[PDB]
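First comes one chain, alone, set out as structure tokens in the form deposited in one PDB entry.
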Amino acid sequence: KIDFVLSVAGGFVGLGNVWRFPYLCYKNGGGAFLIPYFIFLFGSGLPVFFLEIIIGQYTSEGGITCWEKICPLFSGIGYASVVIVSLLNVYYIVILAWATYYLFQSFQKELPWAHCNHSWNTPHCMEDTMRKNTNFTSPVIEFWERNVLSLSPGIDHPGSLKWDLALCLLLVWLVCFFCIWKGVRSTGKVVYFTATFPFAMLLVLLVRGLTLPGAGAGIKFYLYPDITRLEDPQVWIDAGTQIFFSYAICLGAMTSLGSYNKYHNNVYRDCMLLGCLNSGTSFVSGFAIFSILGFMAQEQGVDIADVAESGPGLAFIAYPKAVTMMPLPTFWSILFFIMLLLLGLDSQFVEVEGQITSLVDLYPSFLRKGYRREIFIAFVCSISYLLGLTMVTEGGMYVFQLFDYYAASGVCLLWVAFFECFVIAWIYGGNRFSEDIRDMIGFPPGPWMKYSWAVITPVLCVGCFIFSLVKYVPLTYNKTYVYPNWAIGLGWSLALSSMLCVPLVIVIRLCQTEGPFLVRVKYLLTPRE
């Protein structure tokens, strides 16, 4: 029991909670995000997460194979998940590159983001403590934008390719290569440290944040909604796809996570515990972030919505600020970023392993030939690093933001989750699936899961998509910038490169299989034993 609970606590939290959720919540205006978020956590989210584990357990096979047994026509969902994981793994590691750079820069007697005597700083600087007495900029924000990020005036201006962050990406990819090649993962007594350190750090940071002199305004911003004005189309896709990204459902790795488990287990209770713990830790760390932002606003005299960047940088603006104000700042900075790198790697390893297993299962005859595995992992890492280089240029932030919005989140997750629930509920049959679940776990899904698959998840995933297209607004990075049309075309190119895998495989199989049209449709709709 104890070891299982510890594994449950440690294995499923990740950067989706500590980094992604805060900046989406801040970008959509605080508390207005929590309403559509909890409307997607139940009636979708948790019922889809259970369905994902059950599919993997039921097939005893990866993402590519299970849909062959459930519904051959929709086998393309496996390739959709695999390509989503690929586009994710390309960009997800750049966060660890930034974290590693912060870790290296933390090795100083005085943190570089504490004061702006340093060379990279604009003359418009004002030390945060003196700013309360214009264009004044805080040292942390411009450190992030000019030393770490070296942000160029747009995606149209890639500029130079930063050697330091390229070294960081190479370092992290080398770690991943050697770990997955050797099969290294935290399983030993080191688990008691690895799985608990993130929660220790988050509790310490929450204590630091709430004790700040400006926490109350931050929490009031964080929890008081704007129900009458915030309901644009963006917030609804952001909220739903935050659940689906955080749970890593449509990525297909959870099919592997379930297939590895013993079948004779109460998968229902385990899935409800995991999904509630993940959503709870996200919601709890929200307090630390937004209390720190309330302190930043109180200490500078600007509205909370304006204190920090609304893009990916929110965590790397907020936590450095908090760690600047604790005894021996360097110690806690080092601890924070080591914790962040551990929390990131424990996810990166799982995603890479899932991708490698899926791709070798898609072509075992060549990939399974002994050293073929070791060579193939190196190939995948090399290609991923060569793509990641683009997000390391002076214009790299804009490409990273474009990936983070279109490539592995947004409307494509809603596409894949709609088709999963539609297939199982209406094509395969909720009745058949309930009988299968009775066989596996001993009791049927019940009404909440049954109707969540039949009606609620289809309805939500169609409504958010149609609403997005009916009231369409483009991407912006930090709210003053605008992406050019070619960048928005590239974003849709990624999203569609994920989404189209369903129609393409449907038509391919309808054409590749002999017989009359309806005969082929029946042959490919019917399950396999």
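Throughout, we count residues from 1 along the sequence that is shown. Rigid core: the largest C-alpha set superposing within 1.5 Å between the two forms.
What comes next is about the form deposited in another entry, which does not appear here.
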property: Moved residue between the shown form and the other one - picked from 115, 146, 185, 373, where its Cα shifts 2 angstroms or more relative to the rigid core; result: 185
property: Rigid core superposed: residue 23 CA moves 2 Å or more between the shown form and the other one; result: no
property: Residue 224 C-alpha moves between the shown form and the other one by 2 Å or more, core aligned; result: no
property: Residue shift check between the shown form and the other one, rigid core fit, residue 264 Cα at least 2 Å; result: yes
property: Outcome for the Cα pair residue 92, residue 8 in that other deposited form, compared with this form (closer or farther; change of 3 Å or more); result: closer
property: Change in CA distance between residue 184 and residue 171 in that other deposited form, which is 3 Å or more, as closer or farther; result: farther
